[PDB]
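Only one chain is given next, in structure tokens, and it is the form deposited without 8-deethyl-8-[BUT-3-enyl]-ascomycin.
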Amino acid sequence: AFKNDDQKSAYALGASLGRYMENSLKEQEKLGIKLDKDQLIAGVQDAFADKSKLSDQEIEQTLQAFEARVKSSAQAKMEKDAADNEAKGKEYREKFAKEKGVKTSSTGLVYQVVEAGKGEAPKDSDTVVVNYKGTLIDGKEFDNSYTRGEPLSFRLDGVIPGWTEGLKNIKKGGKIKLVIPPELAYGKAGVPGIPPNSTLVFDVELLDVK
């Protein structure tokens, strides 16, 4: 496959560039931007052979415009998503909060104790051990301890406020459903996997409190 390092390392370096481009295409697709892949590859090949069809100024200006197009799109989408998610989330929480056995805390956390459990009331400095599933209001799973094959262990004050607050509502052996406003979660910015202003739905099983 590879005779020596000048080959293998080259190939690796190249594959890394190829991977980078694919990743870039993926973020662009989120914005409806679908670049011409053949042209993307040809520019790489041409440049690499010192035969670019575009002058240095043209490249620079073209990229400048492109990067502005991308950022402009990205911002409008963030703006729209944020507004839409805040609204849909409020509606969702409002409806759920009315259901049998569901409660709303003074902070806006909405929760449903499924099993109370038994033992000490969890406190901020405790280590809790849990199984859990996290999904968005449309059902999209973004996190899931089961898939890693072990429960998550963490300091109660080391997670999002909705968790820090919610788990205090049960004890060891308990189970609770938490419907958390973005204000007690990842807010407007969100994080990878979690869009701006997302209400999060967690199904949690509290296995240990130590």
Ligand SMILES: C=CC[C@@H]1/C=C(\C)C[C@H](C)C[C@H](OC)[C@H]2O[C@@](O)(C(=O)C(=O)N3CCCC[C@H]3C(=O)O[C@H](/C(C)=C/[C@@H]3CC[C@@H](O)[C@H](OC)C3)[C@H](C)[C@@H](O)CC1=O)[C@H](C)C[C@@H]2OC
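Numbering starts at 1 and runs along the sequence shown.
A.B. asks: Would you tell me which stretch averages the higher CA B-factor in the PDB entry, 135-143 or 83-91?
C.D. replies: Looking at the recorded C-alpha B-factors, 135-143 comes out higher on average.
A.B. asks: Going by the B-factors listed in the PDB entry, is the mean over the C-alpha atoms higher for 46-54 or for 171-179?
C.D. replies: Stretch with the higher mean C-alpha B-factor: 46-54.
A.B. asks: Would you mind finding, among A97, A121, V129, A116, the residue with the largest C-alpha temperature factor in the entry?
C.D. replies: Out of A97, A121, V129, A116, the record gives the largest C-alpha B-factor to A121.
A.B. asks: How does the C-alpha B factor of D6 compare with the rest of the chain: lowest, middle or highest third?
C.D. replies: Middle third.
A.B. asks: Grab the CA temperature factor for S72 from the record and place it in the lowest, middle or highest third of its chain.
C.D. replies: Answer is highest: the recorded C-alpha B-factor places it there.
A.B. asks: Going by what the PDB entry lists, where does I59 fall on CA B-factor within its chain: lowest, middle or highest third?
C.D. replies: Lowest third.
A.B. asks: In terms of the chain's CA B-factor thirds, is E29 lowest, middle or highest?
C.D. replies: For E29, whose C-alpha B-factor we compare with every modelled residue in the chain, the answer is the lowest third.
A.B. asks: Tell me, lowest, middle or highest third: where does the Cα B factor of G190 rank within its chain?
C.D. replies: Middle third by C-alpha B-factor.
There is also a form solved in complex with 8-deethyl-8-[BUT-3-enyl]-ascomycin; it is not shown, and the following applies to it.
A.B. asks: Do heavy atoms from each of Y132, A185 and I194 fall within 4.5 Å of 8-deethyl-8-[BUT-3-enyl]-ascomycin in the deposited bound form?
C.D. replies: Yes, each of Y132, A185 and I194 comes within 4.5 Å of 8-deethyl-8-[BUT-3-enyl]-ascomycin in the deposited bound form.
A.B. asks: Check each of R69, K51, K30, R148 and return the one that places a heavy atom within 4.5 angstroms of 8-deethyl-8-[BUT-3-enyl]-ascomycin in the deposited bound form.
C.D. replies: Contact check passes for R148.
A.B. asks: Would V44 count as touching 8-deethyl-8-[BUT-3-enyl]-ascomycin in the deposited bound form under a 4.5 Å heavy atom rule?
C.D. replies: Judged by the heavy-atom cut-off of 4.5 Å, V44 is well away from 8-deethyl-8-[BUT-3-enyl]-ascomycin in the deposited bound form.
A.B. asks: Does 8-deethyl-8-[BUT-3-enyl]-ascomycin get within 4.5 angstroms of any non-hydrogen atom of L152 in the deposited bound form?
C.D. replies: Yes - in the deposited bound form, heavy atoms of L152 and 8-deethyl-8-[BUT-3-enyl]-ascomycin come within 4.5 Å of each other.
A.B. asks: Is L40 close to 8-deethyl-8-[BUT-3-enyl]-ascomycin in the deposited bound form, meaning a heavy atom pair under 4.5 Å apart or at it?
C.D. replies: Answer no; every heavy atom of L40 is more than 4.5 Å from 8-deethyl-8-[BUT-3-enyl]-ascomycin in the deposited bound form.
A.B. asks: Mark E165 yes when one of its heavy atoms lies within 4.5 Å of a heavy atom of 8-deethyl-8-[BUT-3-enyl]-ascomycin in the deposited bound form, and no otherwise.
C.D. replies: No, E165 sits far enough from 8-deethyl-8-[BUT-3-enyl]-ascomycin in the deposited bound form that none of its heavy atoms falls within 4.5 Å.
A.B. asks: Considering 8-deethyl-8-[BUT-3-enyl]-ascomycin in the deposited bound form, find the one stretch among 54-62, 22-30, 169-177, 138-146 with heavy atoms no farther than 4.5 Å from it.
C.D. replies: Result for this chain: 138-146.
A.B. asks: Heavy atom within 4.5 Å of 8-deethyl-8-[BUT-3-enyl]-ascomycin in the deposited bound form: which residues of 156-185 meet that condition, in order?
C.D. replies: The stretch touches the partner through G158, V159, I160, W163, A185.
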